[PDB]
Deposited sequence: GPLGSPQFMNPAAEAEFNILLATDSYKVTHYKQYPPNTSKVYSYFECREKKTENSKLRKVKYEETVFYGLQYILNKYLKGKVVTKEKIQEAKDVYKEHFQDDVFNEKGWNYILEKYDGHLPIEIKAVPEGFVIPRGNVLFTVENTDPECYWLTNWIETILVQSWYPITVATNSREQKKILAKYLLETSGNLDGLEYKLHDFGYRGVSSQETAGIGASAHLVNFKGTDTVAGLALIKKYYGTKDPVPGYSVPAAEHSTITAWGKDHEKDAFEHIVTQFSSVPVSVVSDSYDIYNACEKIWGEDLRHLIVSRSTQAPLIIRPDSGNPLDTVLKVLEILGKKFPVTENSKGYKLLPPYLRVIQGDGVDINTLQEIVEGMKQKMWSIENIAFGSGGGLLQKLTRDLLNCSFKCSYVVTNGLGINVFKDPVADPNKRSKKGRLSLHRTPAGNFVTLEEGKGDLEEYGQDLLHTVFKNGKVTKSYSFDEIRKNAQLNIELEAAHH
């Protein structure tokens, strides 16, 4: 079972003894600090609030276990047993904390307050930053959602340019990342964050998280199609790749089917096996049930371009109204190896230069989509901006001499719409002057209760492209 008393950085166990005496309030905020990613999708906090922070999160047993562990961990009795027991006795183990946040799905420029955290009881001044560690982990769903959306922008740009519309955009980047992430929990969080922007996923873990914590009007937020892996091709034997191919496309004759084609020779498979030997089983397929040929090795750009040139000479290629080449509707390609935001850009641009429509291609991304991301990418940071000591409010901040980018905001904060319709973070409690509209931050957590929540449908709407 999860224990919030054991869910912090070790040093935070010692911070209650470090704050100025007579401190009744610690007020902290999260931002994606400003310096390629100019705007961030805020997503994932609601999950953390519900799974970890709400309800009775303190018990007498959890206090004793924390006390016993930390005694050995520090070789000292530094753990604040009295402070945690206070919360247990006075509030039935509910956290005296208020968290205000931008609505989930909102797309916010860098260097703006996304959420704030404060204690609601003067005794629990230390609690605000105790929960920093758990809350800062929101960097991950934010970053996956943001990076996924930025890839959607690239796909939208090139699909519109080469075809004149955005039909099927929401299926152009498929989540392949289940095996390539660090844990089962990460898989669920990561997959759910990608689904803010797209609807195609193989990371099943994402579906249950969305159902449990967010909710959709539709039965499921994500979809997939039958597809082969190397084991289902190679198990037939080296000389029987054609038999594997034939069997699989016949088994899935009425639905879309992806078939990995690089087991031995991708270019042979395309030209001779698909393009000659089994051509009759491809040309007969429905437009609702195409064969999707899947390369999975070599240089991603070179392989995609070569595969298209091969297929273009074996199948009846048309030229769309934009002047770009289009494969027959029963035949498509998915590149699912070495795909990240950088290589995705490289491939669609290379396709455009060779006059291939982006209609022809879908992408699969695993590690690049869900794992190859850090807290540094969007400069995700959680800092104390305001304290009350001796009944006096003090605006606090860091400003390291050797890094001006690490300078943090001062005082009580609020997020506002600007007259031109952009975003501004007001500092030093200036949001109280009411010179701007309403504060865009809403109370989402207060005293152990989730006070405002959002469906996954609302989040998707908020995170739409312009």
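Mapping the modelled residues onto the deposited sequence reveals missing stretches at 1-15, 51-60, 492-499.
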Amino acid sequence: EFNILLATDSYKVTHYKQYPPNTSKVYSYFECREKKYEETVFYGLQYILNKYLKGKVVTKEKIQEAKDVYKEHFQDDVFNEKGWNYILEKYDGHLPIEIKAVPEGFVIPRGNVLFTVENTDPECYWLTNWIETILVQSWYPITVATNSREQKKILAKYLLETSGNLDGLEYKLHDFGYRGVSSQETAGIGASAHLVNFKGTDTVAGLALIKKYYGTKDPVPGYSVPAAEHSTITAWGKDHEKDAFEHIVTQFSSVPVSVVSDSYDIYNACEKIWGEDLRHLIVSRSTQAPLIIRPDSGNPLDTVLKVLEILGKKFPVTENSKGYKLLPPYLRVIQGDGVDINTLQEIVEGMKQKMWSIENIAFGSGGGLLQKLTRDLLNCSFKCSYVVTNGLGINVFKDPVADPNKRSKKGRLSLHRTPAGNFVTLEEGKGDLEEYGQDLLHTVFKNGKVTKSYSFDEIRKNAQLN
From here on, numbers count along this sequence of modelled residues.
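Across the other entries compared, at least a third leave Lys36 without coordinates even though the residues on each side are present. The question of which stretch, 74-82 or 133-141, has the higher mean Cα B factor is settled in favour of 74-82. Once the C-alpha B-factors are averaged per stretch, 45-53 and 60-68 rank with 60-68 first. When the Cα B-factors of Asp202, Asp340, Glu276, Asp262 are read from the PDB record, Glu276 comes out highest. Comparing the listed residues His194, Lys313, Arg375, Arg110, the entry records the largest Cα B-factor for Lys313. Among all modelled residues in this chain, the alpha-carbon of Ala7 has a temperature factor (C-alpha) in the lowest third. Ranked against the other modelled residues of its chain, the C-alpha B-factor of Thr443 as given in the entry falls in the middle third. Ranked within its chain, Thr216 lands in the highest third, by CA B factor from the PDB record. The PDB entry assigns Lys90 a C-alpha temperature factor belonging to the highest third of its chain's modelled residues.
In this PDB entry, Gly190 carries a Cα temperature factor that places it within the lowest third of its chain's modelled residues.
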